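Here is what each chain is made of, one letter per residue.
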Number of protein chains: 4
Amino acid sequence: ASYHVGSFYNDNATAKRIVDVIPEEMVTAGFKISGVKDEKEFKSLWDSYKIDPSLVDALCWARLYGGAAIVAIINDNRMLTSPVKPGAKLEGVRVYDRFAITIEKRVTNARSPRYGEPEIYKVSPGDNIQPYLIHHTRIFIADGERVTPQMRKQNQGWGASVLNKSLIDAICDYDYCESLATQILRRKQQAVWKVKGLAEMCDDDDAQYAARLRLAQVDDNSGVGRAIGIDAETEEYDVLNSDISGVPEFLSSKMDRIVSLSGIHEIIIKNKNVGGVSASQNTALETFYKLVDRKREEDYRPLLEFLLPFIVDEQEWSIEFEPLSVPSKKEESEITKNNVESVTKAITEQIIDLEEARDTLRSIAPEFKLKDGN
Amino acid sequence: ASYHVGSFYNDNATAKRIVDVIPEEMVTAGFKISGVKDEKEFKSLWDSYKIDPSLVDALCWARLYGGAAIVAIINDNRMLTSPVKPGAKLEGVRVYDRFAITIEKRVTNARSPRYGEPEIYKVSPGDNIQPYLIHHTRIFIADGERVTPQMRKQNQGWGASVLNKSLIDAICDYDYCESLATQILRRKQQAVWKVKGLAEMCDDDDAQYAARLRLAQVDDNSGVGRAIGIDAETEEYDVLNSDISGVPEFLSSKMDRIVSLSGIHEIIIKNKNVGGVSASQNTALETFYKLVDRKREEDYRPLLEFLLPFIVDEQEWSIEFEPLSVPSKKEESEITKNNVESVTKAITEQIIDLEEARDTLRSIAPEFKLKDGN
Amino acid sequence: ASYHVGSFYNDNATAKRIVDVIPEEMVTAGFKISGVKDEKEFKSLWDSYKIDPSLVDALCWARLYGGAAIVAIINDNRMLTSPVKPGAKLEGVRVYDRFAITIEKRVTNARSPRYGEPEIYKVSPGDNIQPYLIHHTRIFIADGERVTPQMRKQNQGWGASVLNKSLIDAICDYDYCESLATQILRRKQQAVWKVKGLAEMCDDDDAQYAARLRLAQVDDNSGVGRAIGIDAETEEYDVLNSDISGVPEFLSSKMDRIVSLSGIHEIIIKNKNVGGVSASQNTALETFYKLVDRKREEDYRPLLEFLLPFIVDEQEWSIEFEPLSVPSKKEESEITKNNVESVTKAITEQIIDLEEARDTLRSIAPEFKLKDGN
Amino acid sequence: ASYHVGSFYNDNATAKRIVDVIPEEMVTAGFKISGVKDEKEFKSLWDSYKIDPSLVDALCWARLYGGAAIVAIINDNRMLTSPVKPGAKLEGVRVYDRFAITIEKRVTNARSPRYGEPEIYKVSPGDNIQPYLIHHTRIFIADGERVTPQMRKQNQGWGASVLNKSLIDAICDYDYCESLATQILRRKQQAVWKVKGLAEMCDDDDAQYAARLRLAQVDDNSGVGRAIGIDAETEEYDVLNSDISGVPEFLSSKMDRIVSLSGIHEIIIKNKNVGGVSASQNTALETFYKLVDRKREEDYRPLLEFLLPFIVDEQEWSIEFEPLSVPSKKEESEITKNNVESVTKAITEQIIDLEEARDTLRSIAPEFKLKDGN
């Protein structure tokens, strides 16, 4: 069964895939900043931090247990319980699961609209170290999928696991069906040896052992090209056989039910190609891309506006999600051709003269490297 | 069969998908405001408030429970029971379900068209805090699908749930059908053992235990390459076998009935591409987008003109929804080429000049990085 | 079923393929460094050290055993326990498995973010040599796939094996199914010989030996064009035959289950083209490349920024991975044509000059042999 | 069985193909050098050596036995036990198998990082000649596939055979299945002759010989257009027939299992064309090319950097692997057209004037022969 729903995660592989395919596919797409003077220093600082495996782990724990929290370490000399100040920087991030976070203090001031969230968070990392209190501005809380408000307050504000009992049992019964299919194959044919007066033999005596040894020895040497001899007055040899048919489609239907309840396309979970059509599964993968972007817009972004203000001193910035459908080299060159022809087809006597022209070609054509100029 | 809609929602997964696919995919499309001098500050404010998860949750509860109420809080100076006057008005927002809203005060002024609808609302969130009264202009009431006026006045002006009785039992009997299919698979064949004088053993005795242990041991050691021996005079061994055929078609028909009743097309509810066609799923997707566009135009907009007048201080503005169907990097580049060559064709015969061509190209080609000027 | 993962790995072939297809195909793709004045010396150093087989082996052991440690040795002047200072730092490298690494010293300095992780490592390669201690900065720890934090701290900070229990028994029962199929084929038909009074011969006597020799001799001399003669009064000859149907489909379903559990697509694990479609395998390959790209971005890079700062002395550099999908001689020539005609289109309107066009063309068209100069 | 796994190689043809298709396909592709003044003198010296059959044999022995070694003969007057000097040339190479190489001396100097490999190799060529000792810099060691470090040190640093027991038995059972199919075809129909009182005839007497001679003679003259006559009171003639069906697909499944375990595509091992699709197997052959290049990058290259430094006095050189997918004459000419048009389309007033233009057209267009000039 599920038990702590941790054993089910680290034992079965279907649950592993169902809970993991979304986070890294979501995070490896990448993002670009806008309104900033330049992004290469941002890129260098980002991969100098090299903190995204912790982000992936936090997202996975949020999807599995229903909630996860990440703590931000700031070089400010002030106490971590006191709130941050503008202009502070970041040097590291550490991740916790749902069971390591508990509520400590609550504020309900009428005039201040901040009421409705615990002011001070209490963390218990374990590993024989002292628990400590954290301000609400220091850390961030990651949540899973939405649940009813009654159940939401019943779980102390925590979400719900992605492995609900319907999916759990839909995954479970497939193994039972597979075992039944294996047993059905094993029991395809049975041979019965009828002997007159076989009940007179003493139990577990040398006569019975010799009889069953002879039976086994004759059983090994039988076959299509080999015959056996039996008595005609006291022995009978008959074979009862049963057919096997229709089980592959039954297992396919079970897998389709698992796919339907999971919410992910069959190409990603069954890892199968239909083979009956050339380029129709491109629509399938773009549908999967649509659903993963849909999931991203509600979960990945809050981490973005929680982390960017601590990393860049620029005033106003916006976040843009790059379309994760990356094109192939042939088309890439053709699109660069199209853009470079379009940016300069009539601008020779039109609005786009030099300085906006270079800026336009820099963005839509990242292939054309160019030093900073006008 | 199911009594509490919340338990059925957070227990089953199909109901969760049916409730959730529409609102979040609706909201993640986005929108653009027209008639405003510049758009960057609009996006800056929109992602500064970052209030879209509450909107998604309110829409989900409006769909599920049949009613929801979003509460808008402003930075006024007087009591929240009194009406409002123009101002910044935005620093936060909260949502509530149907069960926490109650009508307490009503007016019927014939001269003013405002009669026939309540003016003061009572909210009782619970959690050991005092309920507080709200003026009508401050908050908005979100409703689901239309019902007969008699039932509307019977339900205290609240809509019905999207999980109707027919949908409920159509979901319910699918699990019964799957359990029956598994049971049918389990009983494909049965082996019957007949013994003369087997009814004389006392129940729960040593002889019966030994007999059943022997039967089990013989059962585990049979198969294709193994044979068994029996006494010809007294006992017999026979096997009864059945067949399985047509069950996957029956289950597929049940799923088809569920799809027909739900109203969401198969690629969204089954996650199974047909595979027998190249590009016929374009029509399926566009039909889905027509459905979600109808739902958006009938439900999402009221929040838009309830919130936008409080956001911006402009006298006049309009809201229109873009085609949601997202193009990919290639064909959007082709569109950009066509647009840029078409706009320059009609401006060289001294019909139109550059000052309006700037905005005409900016509206349709955001890829072209343009600053503001001549 | 299998106890030791190493014995199962070096015994079976499917496990070998599952472990090995990802890391070596990942590494043989290669990479390119950016921000460096010239690239020839980079390749000269890279193939002078020729340390990629050790990287492949370390990745394979990280995948299999759940953990691996690569040891980097530098040309410093002091003891290897002390930290390092900038220098050439590269003359060799060696790798070790999970079983040869142990934690002995730990620090918990709260002020420094370096707490929570070990600083000195103990390696015990064996082979009758003294174990030696290593500073943290000298070596790197390679990990496999994520596990629950409770299990992570239970396993002394080591990951889990990629051969989970479900994958193990899915591999195991396939061989049982194949053996059952062979046994079923062997027993397609059986010939039964009945003789009156055949039970009166003493066991291991001359008469019995002669009888069985005669039976064998008659058995080897039968067929379509040969007949046998028996006594009508006493003995009889009968043949019992069965059928075989649906076994290949059952075996294919078992392979499909193995493919679904493994996570690698059929062309890589079955080496069997579908044959019923023209160019649908492009989507299969690109899905595989998406998977291996995710694996690369999550696992290969840490070695890259662990080793590259020790390789080059440049202050700033960046690492990006090319699209792995290799084009062939024709379409790459078409890409070169498009690139060369597009780059010359935007440099004739006095927008950009030759000094940067040189590098722009050099980055995208290595085929054009360019020296360095104006 | 396998025995010395040499008899299995030189008796069965499937093992022959599995172990041989990779080496010569890998080596006949060829390679070109870069950074050298000219390569035609290199080409002439290379085919003057004519040493590649020994390389193919060494690779085959490495793949089969798990390890092989090649010895380099140098014209230096110094003793072969002493290390080589820079500037020495090569005149011949000789190949040995795994059993002709043994370890003689080991060095473990702490300061020198060369420890970890035997300093002096002892070779025992046999053929009644005296074994001799070799320095480690003189020779090269070729290894097969990776194995666990415990097994690696258990086999004195030698790899593993490509014919593991799983592949061995997968190859073996196919022959058993073929023999069973032949027997099943042979036993398709049996005719039984029943005679009353046939047991009274004396054994091996003239009466029995005459009876069986008559039976055979009647058996030869039977047929569709021929009838036989039997007595009605003492003779019976009956025919028992069994059908054959489903065995070709069973053998096909066995071959597919062999293909899957082998790791090579079915087109190369089954030597079959699907016939249901025009140009889909081009993807199959390019996948095979991908895997053979993948195998090449880890095994062929070390011989390249072991042999090139002894053949060329040029300082710095690099190795490039030519794409083994060779195009057809029609496309070849079209690609030459494309390159010659691309190299000169805008360079008339651009960077590429004369001397880099000729060098560019020399490389990408080897068809255009040209004498050395500017």
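Residues numbered from 1 in each chain as written, not as in the entry; some residues may be left out. Chains lettered and ligands numbered in written order. Part of a larger assembly, values for the part shown. Heavy atoms only, no water.

The record lists cryo-EM as the method behind this PDB entry and 3.3 Å as its resolution.

Colleague: Got a minute to help me understand the overall build of chain A in this structure?
Modeller: When you go through chain A residue by residue, the secondary structure sums to 12 helices and 11 strands. On the principal axes, the C-alpha backbone points of chain A span a range of 110 × 65 × 35 Å. For chain A, buried positions account for 48% of its 374 residues. Looking at chain A alone, contacts between residues at least 24 apart form 61% of all its contacts between residues at least 6 apart. Accessible area for chain A stands at about 18100 Å²; split by element, carbon and sulfur atoms hold 54% of it. (Helix = DSSP H or I, 4+ residues; strand = E, 2+ residues; numbered from the N terminus. Buried < 20%, exposed > 50% of the residue type's maximum accessible area, 1.4 Å probe, protein only. Contact = heavy atoms within 4.5 Å. Areas by Shrake-Rupley, 256 points an atom, 1.4 Å probe, with all protein chains shown as cover.)

Colleague: Could you clarify how one ought to interpret the packing of helix α2 (residues 14-27) of chain B against helix α10 (residues 281-311) of chain B in this entry?
Modeller: Working note: a packed helix pair is described by the angle between its axes plus the distance between those axes. Residues and elements named next belong to chain B. Interhelical geometry of α2 versus α10 gives an angle of 75 degrees and a closest axis separation of 10 Å. Classified by the angle their axes make, α2 and α10 are roughly perpendicular. The residues of α10 that touch α2, namely those facing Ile22, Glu25, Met26 and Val27, are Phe288, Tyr289, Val292, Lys295, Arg296 and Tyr300. Per-class residue counts for the contact of α2 with α10 are 7 nonpolar, no polar and 3 charged. (Axes fitted to C-alpha atoms, helices over the stretch in contact; angles between N-to-C directions. Parallel < 35°, antiparallel > 145°, perpendicular 65-115°, else oblique. Nonpolar A, V, L, I, M, F, W, Y, C, P; charged D, E, K, R; others polar.)

Colleague: Help me out: how do you make sense of the sheet that holds strand β5 (residues 118-123) of chain A in this one?
Modeller: The strands making up a sheet associate through hydrogen bonds between their backbones, and the pairing can be parallel or antiparallel. Residues and elements named next belong to chain A. The sheet built from 3 strands is open, its strands ordered β4-β5-β6 with antiparallel pairing. The open sheet has two edge strands with one neighbour each: β4 (101-106) and β6 (132-135). Neighbour to neighbour, the strand axes of the sheet diverge by 35 degrees on average, direction disregarded. Note that β4 and β5 share 5 bridges and pair antiparallel. When the bridges of β5 are listed, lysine 105 appears paired with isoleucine 120. (Pairing = 2+ DSSP bridges.)

Colleague: Even after reading the chapter, I still don't get the packing of aromatic side chains, so can you show me in this structure?
Modeller: The geometry of an aromatic ring pair comes down to the distance between the two centres and the angle between the two planes. In this structure the tally under the stated criterion is 32 aromatic pairs over all chains. A ring pair is formed by C:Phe140 and C:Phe306, whose centres lie 5.4 Å apart and whose planes are at 40 degrees; its orientation type is tilted. In this pair, C:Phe140 sits in strand β7 (residues 140-143) while C:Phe306 sits in helix α10 (residues 281-311), placing the two residues 166 residues apart along the sequence. In this structure an aromatic cluster arises from ring pairing among A:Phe31, A:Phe42, A:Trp46 and A:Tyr49. Residue placement shows B:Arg212 over the ring face of B:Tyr209; its charged tip is 5.9 Å from the ring centre. (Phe/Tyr/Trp six-rings, centres within 6.5 Å; stacked < 30°, edge-to-face > 60°. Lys NZ or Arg CZ within 6 Å of the ring centre and 35° of its normal.)

Colleague: Explain the relation of the copies chain A and chain B to me, please; I cannot follow it from the model alone.
Modeller: One copy of the chain maps onto the second through a rotation around an axis plus a translation along that axis. Between chain A and chain B, the superposition needs a rotation of 30 degrees and an axial shift of 0.1 Å, giving an RMSD of 0.7 Å. With a heterologous cut-off of 20% or less, the 8% of interface residues of chain A that recur at the interface of chain B puts this contact in the heterologous class. (Least-squares fit on C-alpha atoms.)

Colleague: What exactly am I supposed to notice about the interface of chain A and chain B here?
Modeller: For interface size, the figure often reported is the accessible area lost on association. Taken together, the contact pairs 87 residues of chain A with 80 residues of chain B. Taken together, both faces of the contact between chain A and chain B bury some 7400 Å²; the carbon and sulfur share is 57%. Considering only the surface of chain A that becomes buried against chain B, A:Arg146, A:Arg294 and A:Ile351 emerge as the three largest contributors, covering 10% of it. Our enumeration of links across chain A and chain B arrives at 10 salt bridges. Our enumeration of links across chain A and chain B arrives at 26 residue pairs in polar contact. As defined by bridge partners, strand β8 (residues 189-195) of chain A adjoins strand β9 (residues 227-231) of chain B across 5 bridges and the pair is classed as parallel. Within β9(B), the residue paired with A:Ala191 across the bridge is B:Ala227. (Buried area = accessible area lost by both parts, 1.4 Å probe. Salt bridge = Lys/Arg side-chain N within 4 Å of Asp/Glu carboxyl O. Polar contact = N/O pair within 3.5 Å; in protein donor to acceptor, adjacent residues only side chain to side chain.)

Colleague: Hey, could you run me through the pattern of salt bridges in this one?
Modeller: If the charged atoms of two oppositely charged side chains come close together, the side chains can form a pair. Across all of its chains, the model carries 78 salt bridges over all chains by this definition. Residue A:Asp143 is joined to A:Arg152 by a salt bridge in which the shortest nitrogen-to-oxygen separation is 2.5 Å. On the basis of relative accessible area, A:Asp143 is assigned to the partly exposed category, the value being 25%. Residue C:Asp173 is joined to C:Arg257 by a salt bridge in which the shortest nitrogen-to-oxygen separation is 3.8 Å. Highlighted residues: C:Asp173 in helix α6 (residues 165-186) and C:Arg257 in helix α8 (residues 247-262), separated in sequence by 84 residues. Across the pair, C:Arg257 and C:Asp173 agree in class, each one buried.

Colleague: Can you walk me through the nonpolar core in this structure?
Modeller: The tendency in soluble globular proteins is for nonpolar side chains to be buried side by side. Residue and element names in this part refer to chain C. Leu163 and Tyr300 are the most contacted members of the largest nonpolar core, which has 60 residues in total. For this core, the elements supplying multiple residues, two or more each, are α1 (5-11), α2 (14-27), α4 (52-65), β2 (67-73), α6, α8, α9 (266-269) and α10. For this core, the leading source of residues is α10, giving 12 residues. Excluding residues within four positions of it along the chain, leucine 163 makes contact with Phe8, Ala15, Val19, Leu64 and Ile168. (Core = buried A, V, L, I, M, F, W, Y, C linked by side-chain atoms within 4.5 Å.)

Colleague: Can you help me understand the packing of helix α6 (residues 165-186) of chain A against helix α8 (residues 247-262) of chain A in this one?
Modeller: Residues and elements named next belong to chain A. Interaxial distance between α6 and α8 falls to 10 Å at its minimum, and their mutual angle equals 165 degrees. On the basis of the axis angle, α6 is roughly antiparallel to α8. Relative to α8, α6 is oriented so that their crossing is left-handed. Between α6 and α8, the contacting residues are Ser166, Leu167, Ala170, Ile171, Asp173, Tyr174, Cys177 and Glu178 on the first element and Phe250, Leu251, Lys254, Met255, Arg257, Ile258, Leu261 and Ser262 on the second. Of the residues in the contact of α6 with α8, the class split is 10 nonpolar, 2 polar and 4 charged. (Left-handed = near helix turned anticlockwise from the far one by under 90°.)

Colleague: Is there a simple way to think about the pairing of strand β5 (residues 118-123) of chain D in this case?
Modeller: Regular strands place side chains that alternate from one sheet face to the opposite one. Residue and element names in this part refer to chain D. Among the 6 residues of β5, 5 are classified as buried, and the element is accordingly described as predominantly covered. Pairing between β5 and strand β6 (residues 132-135): 4 bridges, direction antiparallel. Looking across to β6, one finds that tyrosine 121 is bridged to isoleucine 134.

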